[PDB]
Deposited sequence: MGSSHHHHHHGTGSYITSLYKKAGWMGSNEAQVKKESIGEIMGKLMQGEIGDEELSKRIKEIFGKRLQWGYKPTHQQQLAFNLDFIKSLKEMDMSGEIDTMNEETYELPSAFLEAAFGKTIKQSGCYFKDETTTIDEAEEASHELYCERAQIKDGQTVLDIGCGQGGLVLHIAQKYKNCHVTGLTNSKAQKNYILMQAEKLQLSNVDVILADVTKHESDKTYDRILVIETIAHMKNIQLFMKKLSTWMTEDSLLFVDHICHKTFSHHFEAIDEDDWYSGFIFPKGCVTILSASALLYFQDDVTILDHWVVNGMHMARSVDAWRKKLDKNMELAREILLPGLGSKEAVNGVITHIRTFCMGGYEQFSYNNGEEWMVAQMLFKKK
């Protein structure tokens, strides 16, 4: 069936079954792979360097209710890839394992000041604060709801070492420095990477470390947007075209102000299992979710719309991160010091 509008129409009517939906999104990702892989390393580097150089030239009131977030995501409402040891690891255990991975790779130690940039619902902030009672942990979010959620959770867990800065990170100005800065799956939303990294360095001292985790492709970078008129998916998921997927090594070229100390990647099956867990939990709590959303949304059809958007994101994320057994799209992690 041709035509964006036609596919979008059937999709919203629940007339496209899971199997065909998955098959359709997978073919969309297959075409991005064809766009991204060049025949020789000479050409691959030319293409990658052109993307990086273009980056270096660059310079909604409605928020889902937290009770809905609790019904779709895991216990700490982590909205980033989790780490699954087993086949039977639950989303709650995978959330905790990923928190501990970050603490290990970012070399968190009791006593440090820690800043978590774009902290979301604050799972990582709460984890570090609870495990390391002499750390002072600051979250930074541009969401008032997120701030209020984190502060409430801190109060319930009897944590006294948590604060939250409410700010757009690109506009925030401050003299404060921190021993540790964490940036977990936020960089994909950052429009000016060179400026972002530069600002981060001014919040560091000679003893600080910076840890960044970002969704990536192992070989090439791309904007998350349609290649052609056959791709209904990209523009449905991110209607504002400002999500960038950096290659696993792209940040190596942004060492004006920071210097790399270590670099890892985590296979895409972890992310795939994450989104699959959210999809399954959402499906299980579907009735409850629709009831929670109805008030603030107004119509049963607007509810259906928000649910379709979220569920399709999950189905598409599955196909993207599980491609070739997790060896295409994945998560890259880097550790830096100030330069």
{"property": "Stretches with no C-alpha position, numbering per deposited sequence from 1", "result": "1-34, 94-103"}
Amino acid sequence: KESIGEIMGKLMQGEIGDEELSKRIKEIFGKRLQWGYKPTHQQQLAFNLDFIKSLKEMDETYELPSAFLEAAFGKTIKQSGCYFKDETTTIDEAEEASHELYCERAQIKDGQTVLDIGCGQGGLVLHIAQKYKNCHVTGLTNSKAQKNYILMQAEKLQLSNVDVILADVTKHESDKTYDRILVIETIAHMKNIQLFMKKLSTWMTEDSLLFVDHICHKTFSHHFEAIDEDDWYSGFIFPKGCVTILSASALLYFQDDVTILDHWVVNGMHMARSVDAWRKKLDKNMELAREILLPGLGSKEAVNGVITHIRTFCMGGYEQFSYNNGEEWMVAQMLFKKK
From here on, numbers count along this sequence of modelled residues.
| query | finding |
| --- | --- |
| Residue range whose averaged C-alpha B-factor is higher in the record, 79-87 or 102-110 | 79-87 |
| Stretch with the higher entry mean CA B-factor, where the candidates are 309-317 and 286-294 | 286-294 |
| 42, 61, 34, 48, ranked by C-alpha B-factor: the highest one | 61 |
| Residue selected from 140, 260, 182, 242 by maximal Cα B factor | 242 |
| Residue 217 by Cα B-factor - lowest, middle or highest third of the modelled chain | lowest |
| Residue 322 - which third its CA temperature factor falls in, relative to the rest of the chain | lowest |
| Record-listed C-alpha B factor of residue 174: chain third | highest |
| Modelled-residue ranking by C-alpha temperature factor, third containing residue 207 | middle |
| Ranked C-alpha temperature factor of residue 232 among modelled chain residues, by third | highest |
